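Q: Any chance you can model this:
(2 chains)
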Amino acid sequence: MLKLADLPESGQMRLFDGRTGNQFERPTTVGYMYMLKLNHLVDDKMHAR
DNA sequence: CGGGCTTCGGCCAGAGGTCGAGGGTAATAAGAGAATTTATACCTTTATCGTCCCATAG
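A: Numbering: from 1, shown residues only, chains lettered A, B, ... in the order given. Pasting the structure now:
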């Protein structure tokens, strides 16, 4: 599927830094992961007396 | 052969992390009427304490 979508078959490629703008020496893993948000908001946890 | 004497088995007590966070649920039916006490309400009587006139001591 990856090689069909013109993406690296290993699923990894070298990213560019966001501040210095220099490529990382080794390639990292990037992809779209289904992230959740749980009902543990800090808005309901912050108390102070 | 009864008797101290050790040991064992059944029975009960106590103790089991902390700190959050949220939610919910928490408990009813004799009337009559007689009687006794108590808080209330008005009123009078005595003392009390605020109040000022007056003689006097310096």
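
Q: Quick check, central residue of chain A?
A: Closest to where the C-alpha atoms of chain A average out (C-alpha atoms, centre = their mean) is residue A:30, at 5.8 Å.

Q: for that one, what are its contacts?
A: A:12-13, A:15 (C-beta atoms under 8 Å, 6 or more residues apart in numbering). For the C-beta atoms, the positions are set from N, CA and C on the backbone; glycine is no exception.

Q: For these, give me JSON lines that also has secondary structure and distance to DNA strand B.
A: Listed next are the contacts of residue A:30 as JSON lines, based on DSSP: H, G, I helix; E, B strand; the rest coil; distance: C-beta to the nearest atom of the strand, whole Å:
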{"residue": "A:12", "secondary structure": "strand", "distance to DNA strand B": "39"}
{"residue": "A:13", "secondary structure": "strand", "distance to DNA strand B": "42"}
{"residue": "A:15", "secondary structure": "coil", "distance to DNA strand B": "38"}
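
Q: how about these in a markdown table, adding neighbour count?
A: Converted to a markdown table, the contacts of residue A:30 look like this (neighbours: other C-beta atoms under 10 Å):
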| residue | neighbour count |
| --- | --- |
| A:12 | 14 |
| A:13 | 12 |
| A:15 | 13 |
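
Q: distance between the ends of stretch A:12-25?
A: Counting by C-alpha to C-alpha, to the nearest Å, you get 13 Å between the two ends of stretch A:12-25.

Q: ok, residues contacting it?
A: In contact with stretch A:12-25 (C-beta under 8 Å, 6+ apart) are residues A:26-30.

Q: at 7 Å what do you get?
A: A:27-30 (C-beta atoms under 7 Å, 6 or more residues apart in numbering).

Q: List just the nearest of the residues you listed to DNA strand B.
A: Distance to DNA strand B across those (C-beta to the nearest atom of the strand) is lowest for residue A:29, with 33.7 Å.

Q: The closest one: neighbour count?
A: 9 (other C-beta atoms under 10 Å).

Q: what do you get for residue A:27?
A: The number of residues packed around residue A:27, counting by other C-beta under 10 Å, is 14.

Q: Much appreciated, bye for now.
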